[PDB]
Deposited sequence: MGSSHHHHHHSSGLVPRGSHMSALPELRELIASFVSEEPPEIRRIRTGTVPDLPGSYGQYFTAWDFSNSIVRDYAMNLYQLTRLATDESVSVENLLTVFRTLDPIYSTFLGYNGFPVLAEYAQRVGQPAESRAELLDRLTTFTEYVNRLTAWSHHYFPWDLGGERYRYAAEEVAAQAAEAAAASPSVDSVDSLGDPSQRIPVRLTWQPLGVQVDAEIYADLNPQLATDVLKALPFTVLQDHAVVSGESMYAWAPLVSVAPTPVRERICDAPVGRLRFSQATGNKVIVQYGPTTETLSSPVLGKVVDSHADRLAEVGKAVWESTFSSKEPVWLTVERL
């Protein structure tokens, strides 16, 4: 459907998109940002592309709902998309805006529209992944400070390796979807709002049901969860949190390897919040 987006998705799994490089260095054409700075444009670029990616996934889900006609889906997309994609096109993402218009073109079938949305969502998810990695989350930390399928996870250049287990029965189609994407190597980043957890944008768009979920605060060390709605992310719980929402249970790092995760979470913290030195997560079947 969108063969060029497929090539860019394959490239950006290991290479920084030039869109993200220009935004974070303040070299976007036509210089966005009032009065000689580009932080405000950087703030809008990072957050809008993220929330745009959230809309695109929920629209992909809507494309699977057969109670809504294909013509209605296109009507919903043509109304909700432009205010986001037009701004993103003039603020660092011209290719994004290009294929946003193309996704909204008339579709011959629900399968074609779903194929556009699924491919376009993964492409925007990867732009969000890189944008999240390079956004200066510690900029305000100075003056806003408070008072059983076996698999293998590897973090480089840390060199840490752990064995894990995918639960293929709890969320069957979800586990199947993640297992189908193996092996992959993507950037490993940290949560920036809440919890001692890290997530990595995995190369897939799963619309599987998630009947089996577990409260985050009760998630054990080494818990493998997955978040479709925030970008199809593999999440590793390495420490405590008080958030009471529930996340789909994907798997668990084995008991004898779970104590190895604390040093990963600390380094992944340092990279997401400060140094921006890449940490690469590899997930593979054993």
| item | value |
| --- | --- |
| Deposited positions without coordinates, collected into consecutive stretches in sequence order | 1 to 22, 170 to 198 |
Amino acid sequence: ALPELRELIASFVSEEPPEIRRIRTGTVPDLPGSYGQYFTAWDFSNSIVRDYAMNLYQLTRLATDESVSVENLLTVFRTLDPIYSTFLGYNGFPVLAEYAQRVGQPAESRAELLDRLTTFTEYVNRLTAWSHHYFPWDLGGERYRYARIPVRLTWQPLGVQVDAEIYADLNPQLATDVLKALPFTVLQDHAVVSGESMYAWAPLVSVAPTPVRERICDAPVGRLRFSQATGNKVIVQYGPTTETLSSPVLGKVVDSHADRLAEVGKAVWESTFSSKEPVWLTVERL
From here on, numbers count along this sequence of modelled residues.
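In this text, rigid core is short for the largest set of C-alphas that superpose within 1.5 Å between two forms.
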item	value
Between 194 to 202 and 129 to 137, larger RMS Cα displacement in 5 other deposited structures of this protein after core fit	194 to 202
No coordinates for residue 243 in a third or more of the other PDB entries	yes
Unmodelled residue 142 in at least one third of other entries with both flanks present	yes
Of 76 to 84 and 168 to 176, the one with larger mean CA B-factor	168 to 176
Average Cα temperature factor in the PDB entry - higher stretch of 59 to 67, 253 to 261	253 to 261
Criterion, highest CA B-factor; candidates, 95, 182, 139, 129	139
Which of 235, 49, 217, 229 ranks first by CA B-factor in the deposited coordinates	217
Ranked C-alpha temperature factor of residue 144 among modelled chain residues, by third	highest
Chain third (lowest, middle, highest) by recorded CA B-factor, residue given as residue 281	middle
Assigned third (lowest, middle, highest) for the C-alpha B factor of residue 38	highest
Chain thirds of CA B-factor: placement of residue 1	highest
Record-listed C-alpha B factor of residue 189: chain third	lowest
